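Comments concern the structure below.
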Amino acid sequence: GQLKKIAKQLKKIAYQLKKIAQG
Amino acid sequence: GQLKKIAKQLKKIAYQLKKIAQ
Amino acid sequence: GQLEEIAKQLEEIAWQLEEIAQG
Amino acid sequence: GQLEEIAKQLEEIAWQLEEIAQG
């Protein structure tokens, strides 16, 4: 449960980095 | 034994992000 | 760019974490 | 700013991961 919540956070964070870069 | 090595990699990334943000 | 490459690395780490969390 | 907030998010995930692995 906690590692899965962390992986979901990491994926949201990677989207946010890719968006700072894009738009 | 992967989690500690992941946590260190995340710390290094976060420090690089902080340097970029400067 | 550097942000998109960091993003890709955090995604890969999230997929490692997903493999550990489930099987 | 936003990159620094994200860096703190990553640090906090790293610390939770260290706690997980440490038991």
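Chain labels A, B, ... are given in the sequence in which chains occur in the structure tokens; within each chain residues are numbered consecutively from 1, and ligands are likewise numbered from 1 in the order shown.
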Could you fit chain D onto chain C by least squares over every C-alpha atom, paired in order, and give me the moved chain as an mmCIF file with N, CA and C atoms, in the first residue's frame?
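Output contents, as saved in part-v4.cif:
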```cif
data_model
loop_
_atom_site.group_PDB
_atom_site.id
_atom_site.type_symbol
_atom_site.label_atom_id
_atom_site.label_comp_id
_atom_site.auth_asym_id
_atom_site.auth_seq_id
_atom_site.Cartn_x
_atom_site.Cartn_y
_atom_site.Cartn_z
ATOM 1 N N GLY D 1 14.512 18.448 -21.938
ATOM 2 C CA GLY D 1 15.832 18.252 -21.364
ATOM 3 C C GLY D 1 16.002 17.584 -20.017
ATOM 4 N N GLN D 2 16.780 18.244 -19.164
ATOM 5 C CA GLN D 2 17.207 17.642 -17.905
ATOM 6 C C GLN D 2 16.028 17.355 -16.989
ATOM 7 N N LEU D 3 15.073 18.284 -16.909
ATOM 8 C CA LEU D 3 13.882 18.030 -16.109
ATOM 9 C C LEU D 3 13.116 16.835 -16.646
ATOM 10 N N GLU D 4 13.052 16.687 -17.980
ATOM 11 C CA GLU D 4 12.330 15.550 -18.540
ATOM 12 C C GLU D 4 13.077 14.240 -18.291
ATOM 13 N N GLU D 5 14.406 14.249 -18.423
ATOM 14 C CA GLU D 5 15.188 13.069 -18.062
ATOM 15 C C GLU D 5 14.921 12.668 -16.627
ATOM 16 N N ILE D 6 14.888 13.644 -15.729
ATOM 17 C CA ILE D 6 14.649 13.342 -14.328
ATOM 18 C C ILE D 6 13.243 12.793 -14.136
ATOM 19 N N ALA D 7 12.262 13.360 -14.842
ATOM 20 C CA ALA D 7 10.904 12.833 -14.772
ATOM 21 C C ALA D 7 10.853 11.373 -15.217
ATOM 22 N N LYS D 8 11.594 11.020 -16.262
ATOM 23 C CA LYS D 8 11.641 9.619 -16.674
ATOM 24 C C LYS D 8 12.297 8.753 -15.605
ATOM 25 N N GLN D 9 13.360 9.259 -14.969
ATOM 26 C CA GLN D 9 13.977 8.522 -13.862
ATOM 27 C C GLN D 9 12.961 8.240 -12.770
ATOM 28 N N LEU D 10 12.141 9.240 -12.449
ATOM 29 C CA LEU D 10 11.124 9.085 -11.412
ATOM 30 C C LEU D 10 10.063 8.078 -11.808
ATOM 31 N N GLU D 11 9.585 8.152 -13.059
ATOM 32 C CA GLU D 11 8.641 7.172 -13.566
ATOM 33 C C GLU D 11 9.185 5.768 -13.439
ATOM 34 N N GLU D 12 10.433 5.568 -13.849
ATOM 35 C CA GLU D 12 11.064 4.226 -13.820
ATOM 36 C C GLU D 12 11.195 3.748 -12.364
ATOM 37 N N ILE D 13 11.556 4.634 -11.446
ATOM 38 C CA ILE D 13 11.545 4.257 -10.036
ATOM 39 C C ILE D 13 10.125 3.901 -9.579
ATOM 40 N N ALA D 14 9.124 4.685 -9.999
ATOM 41 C CA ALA D 14 7.745 4.359 -9.641
ATOM 42 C C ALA D 14 7.361 2.977 -10.142
ATOM 43 N N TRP D 15 7.786 2.631 -11.354
ATOM 44 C CA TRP D 15 7.447 1.336 -11.926
ATOM 45 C C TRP D 15 8.161 0.212 -11.198
ATOM 46 N N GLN D 16 9.433 0.410 -10.850
ATOM 47 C CA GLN D 16 10.106 -0.598 -10.029
ATOM 48 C C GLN D 16 9.445 -0.752 -8.667
ATOM 49 N N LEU D 17 8.987 0.354 -8.070
ATOM 50 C CA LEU D 17 8.283 0.283 -6.794
ATOM 51 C C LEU D 17 6.965 -0.472 -6.922
ATOM 52 N N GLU D 18 6.227 -0.235 -8.013
ATOM 53 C CA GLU D 18 5.015 -1.005 -8.256
ATOM 54 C C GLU D 18 5.335 -2.486 -8.409
ATOM 55 N N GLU D 19 6.436 -2.805 -9.092
ATOM 56 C CA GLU D 19 6.833 -4.202 -9.230
ATOM 57 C C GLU D 19 7.189 -4.808 -7.872
ATOM 58 N N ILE D 20 7.992 -4.094 -7.083
ATOM 59 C CA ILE D 20 8.332 -4.530 -5.729
ATOM 60 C C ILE D 20 7.065 -4.842 -4.947
ATOM 61 N N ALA D 21 6.213 -3.839 -4.783
ATOM 62 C CA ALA D 21 5.020 -4.025 -3.967
ATOM 63 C C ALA D 21 4.136 -5.144 -4.500
ATOM 64 N N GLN D 22 4.130 -5.367 -5.820
ATOM 65 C CA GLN D 22 3.300 -6.402 -6.426
ATOM 66 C C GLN D 22 3.919 -7.780 -6.319
ATOM 67 N N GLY D 23 5.096 -7.896 -5.717
ATOM 68 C CA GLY D 23 5.688 -9.194 -5.453
ATOM 69 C C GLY D 23 6.856 -9.572 -6.342
#
```
Please identify every residue of chain A that has at least one atom no more than 9 Å from any atom of chain D, counting only C-alpha atoms, and report them as a PyMOL selection string.
chain A and resi 2-3+6+9-10+13+16-17+20
Pull out every residue of chain B sitting within 9 Å of chain C, counting only C-alpha atoms, and send them as a ChimeraX atom specification.
/B:2-3,6,10,13,17
With C-alpha atoms retained, write the just-selected residues as a PDB file, in the first residue's frame.
```
ATOM      1  CA  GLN B   2      16.313  -1.899  -3.351  1.00  0.00           C
ATOM      2  CA  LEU B   3      14.551   0.736  -1.233  1.00  0.00           C
ATOM      3  CA  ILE B   6      16.220   4.198  -4.345  1.00  0.00           C
ATOM      4  CA  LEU B  10      15.911  10.322  -4.905  1.00  0.00           C
ATOM      5  CA  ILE B  13      17.824  13.973  -7.812  1.00  0.00           C
ATOM      6  CA  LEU B  17      16.462  19.952  -8.811  1.00  0.00           C
TER       7      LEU B  17
END
```
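Coordinates place atom CA of residue A:21 at a distance of 12.7 Å from atom CA of residue B:21.
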